[PDB]
Each structure stands twice: as C-alpha cells, then as structure tokens.
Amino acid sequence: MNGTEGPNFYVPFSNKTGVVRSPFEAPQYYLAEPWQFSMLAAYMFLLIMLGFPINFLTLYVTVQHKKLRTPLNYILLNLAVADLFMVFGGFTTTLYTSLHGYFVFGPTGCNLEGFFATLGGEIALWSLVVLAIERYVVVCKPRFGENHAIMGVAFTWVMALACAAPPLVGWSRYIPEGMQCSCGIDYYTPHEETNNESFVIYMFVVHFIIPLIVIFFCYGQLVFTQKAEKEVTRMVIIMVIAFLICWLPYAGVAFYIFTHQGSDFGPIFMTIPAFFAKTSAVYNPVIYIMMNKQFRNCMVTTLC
C-alpha cells in the first residue's frame, strides 16, 4: 500500500518516515504547506458569503410572487432550500476545518461535512430527473401540473436521503479525502464491518447511472420528435450540462480509486475535484437569473 490506513481514515501519504498523523488529531502539515490549506479556507469563505445571499434571495422572491408556481419554479425553490442546508449545515465545518488544517470536531464534523454535500448533490440530480420527465411530457405529449411538481419535490428528498443517510448508520461511512479537509464516501478501504463494497456499487448504479439513463432517454425523445416552453427547455439543457461539468471529474476519480485501492496517488489527486464540486451550492440560481426572464424581472422588482 502507498498510503496509510487507520481505524477511520485513509491518508494518501506513506508512513515510511513516521510523520503521518490522524486527521482527527493534528494538523496535516506533513502532506501540504500551510498556504495550501489557507487557499481552501479562503475559497470556502467565498462560497459561504455568496451562497447564503443568492439562495436566500431565490427563496424569498419565489414565496413573495404567487405567479411563480410552474414546475420549474418549484424545483428551483427546492434547490435553493437544499443549497442553504449545504452552506450552513456543511460548509461551516469545511471552513473551520480548513483554517486549522484538520477535523478539529473529529468524526462528527466529518459526518456533517459529508452528509449535507451528499444530500444536496443528490437532490440536484434527482431534480434533473423530475425536470426531464416534465419536459418530455410537456413537449412530446405522450398534463404535468402543480401536484406532479410537488410530488417530484418530495421524491427528490426520499431518494437523496436513501443515499446520504446509510453512511451515518453503518452502511459505508464518511471519510476524509485529499488534503483531509473534506469528507466523502469511503472508496479507499474494504472495511467489511460496514460492507463498503456493496454501498459503492449501489450508489453508482441507483444514484448515478439510472438517473442519467432516464434524463438522456427523455432528451433523446425530445430531439427525434411555444416560445415560453422553449425558454424552459433551454434552461434545463444548461442545468444538465452544468451538472456534468461539476460532478463528472469527481465521479471519475472516485471510481478510479475504488478500482485501484492502495495505488500510488497523492493528496492533490482528490483535493481539486472535491472542492470544485462544492460550487454546486451556488451555480443553479445563477443560471436561473440568466435564463428565465419572468423570474429575473421578479427579482429586480423585489430588489428595487
């Protein structure tokens, strides 16, 4: 093995020189310089200070304006609420961890950082499944109304909790990654007590591949088969593209590690894809403002 396994961690750094220390006990300065950690903390402080206002505003405008009750309006409001849980439930721990260079709050802090990012990411993925079905029904007419949109909202939380929750209670586990200042699913160790292998297969099949198959089925039916409907279909296309840009690098590296456990990689290998993925809390309302005229006008009316 080229890294160091402990009871509840896997450090991507060899202990042949004796310097490896648990990421729950001491700063991780042996594997990176302090200025590198301070870049993580500065990046996290930015996302917190932008994420809270742009998601609170999206929530506030939606509730204030009763005209915003299309399926798109409901899903975007749901994403704003899940984004706020990521910022305050999860990102507050990332920032504190990045300031000191390790999980000062220990395994509990790791569980908070990982759970809310896994929860929020899967709400976004299953929301895109809901919108793809809605677009397919609306455009191909093979009616999707208010009830179906709200039923879809509750559906996203059920599926996302079915992915984020078991690692809290004994199926897989959340474990620090990269420079050890963020947490994710354990792709690194067998750890039979938690049946790690079955959960990763379950996560990738049910909560990655099956949703993508549904989205591209509905899209395929769209392509091989009015102005207000076109504006919504155009935004959903960009929402899916943005999701792929955000999460595919992380998905590929995680799957590579899972199929190459113990291989020679360093802390930076997962650090960059992990922290790039955390932009997921911010970008959806930015698309919303740029690609939905009615909502953008409501925000200007509310703001001014």
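Throughout, we count residues from 1 along the sequence that is shown.
According to the PDB entry, the deposited sequence runs on from residue 198 to residue 199 with no residue lacking coordinates between them. Stretches 102 to 110 and 146 to 154 differ in mean C-alpha B factor, with the higher average recorded for 146 to 154. For the pair 131 to 139 and 114 to 122, the record assigns the higher mean C-alpha temperature factor to 131 to 139. Of the candidates 45, 247, 52, 255, the one whose C-alpha carries the top B factor in the deposited record is 255. Reading the B-factor column for the CA atoms of 182, 172, 92, 225 in the entry, the top value corresponds to 225. Among all modelled residues in this chain, the alpha-carbon of residue 242 has a temperature factor (C-alpha) in the highest third. Split the chain's modelled residues into thirds by C-alpha temperature factor. Residue 276 is in the highest one. Sorting the modelled residues of the chain by their CA temperature factor places residue 191 in the highest third.
When all modelled residues of the chain are sorted by CA temperature factor, residue 232 is found within the highest third. Among the modelled residues of its chain, residue 82 has a C-alpha B-factor that falls in the highest third, as given in the PDB entry.
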